[PDB]
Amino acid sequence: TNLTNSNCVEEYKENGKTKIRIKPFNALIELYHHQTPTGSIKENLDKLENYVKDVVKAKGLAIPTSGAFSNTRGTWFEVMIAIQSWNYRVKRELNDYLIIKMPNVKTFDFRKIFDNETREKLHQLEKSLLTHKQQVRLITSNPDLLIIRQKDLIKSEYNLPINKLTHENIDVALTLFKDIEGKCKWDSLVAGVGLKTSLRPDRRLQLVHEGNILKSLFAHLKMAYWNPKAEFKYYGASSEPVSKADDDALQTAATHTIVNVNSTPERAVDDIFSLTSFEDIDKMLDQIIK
């Protein structure tokens, strides 16, 4: 029952004071180093949170703020999803798919996945958009999850499953994006997913912005390569129940598709998934892919 030797929380100094820092990956390793998480997702998140709370208590330290936990829970959910997605393509034996948890736009802009030709197409768009009196851009956060269909990206090292959470295992899932840098043909990118532990009426609209901007960059590519068949879909996924009001908001259109009376309107977010269990991650990936 000894919790005082845990490293899921770290001490550091700032302005002559000792401060507390949650180490979200350490919490995952210290709970899941023999087996990867199973059952209800939300409960595992609360379990991890109550674990760090017990640790700080046992060490006699100040409880981390709600913001620290907001941040921390976001990472847990993403890593749970990234690991489950890694194992999905192994057990399904998807020789030509990758599901990749992306870092932030500054560490690695998702545009860097694309081959030289496609990056130049996007550079032409970006540069022309700035060639006006009123300069415009197309900025969004990196998608949390990207689904890429390209057979020659898959190496045999990806075909070893993750049965336990180590520093080494979490590292490989979270640096997967590095292997595909400058290698994806434009239509290899088939889907992205936004991952949220919970939704708010304000925060759910960030999923619409994301889908809208991504589908707008993709529609440019479809015209630059005059391909009417290639599709890019954008999805949402919550760990909580999704309400009617959440559902309506996320039916919102990618606005460039609704200008004309005889256009068929596209949703910016094609579907929203309520991931109750780890089995639901597999279910979600089944729908997105097949």
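So that there is no doubt, residue numbering starts at 1 and follows the sequence shown.
Two stretches are in play, 13-21 and 275-283, and the higher mean C-alpha B-factor belongs to 13-21. With 132-140 and 75-83 compared on mean CA B-factor from the PDB entry, the stretch scoring higher is 132-140. Comparing C-alpha B-factors across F218, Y158, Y88, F108 in the deposited entry, the largest value falls on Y158. Highest CA B-factor among the listed residues (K233, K244, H34, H256): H34. The entry lists a Cα temperature factor for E168 that places it in the highest third of the chain's modelled residues. Ranked by C-alpha B-factor against the other modelled residues of its chain, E210 falls in the lowest third.
In the PDB entry, a CA B factor belonging to the middle third of its chain's modelled residues is recorded for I113. Looking at the C-alpha B-factors along this chain, the one for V261 belongs to the highest third. Among all modelled residues in its chain, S188 ranks in the middle third by Cα B-factor.
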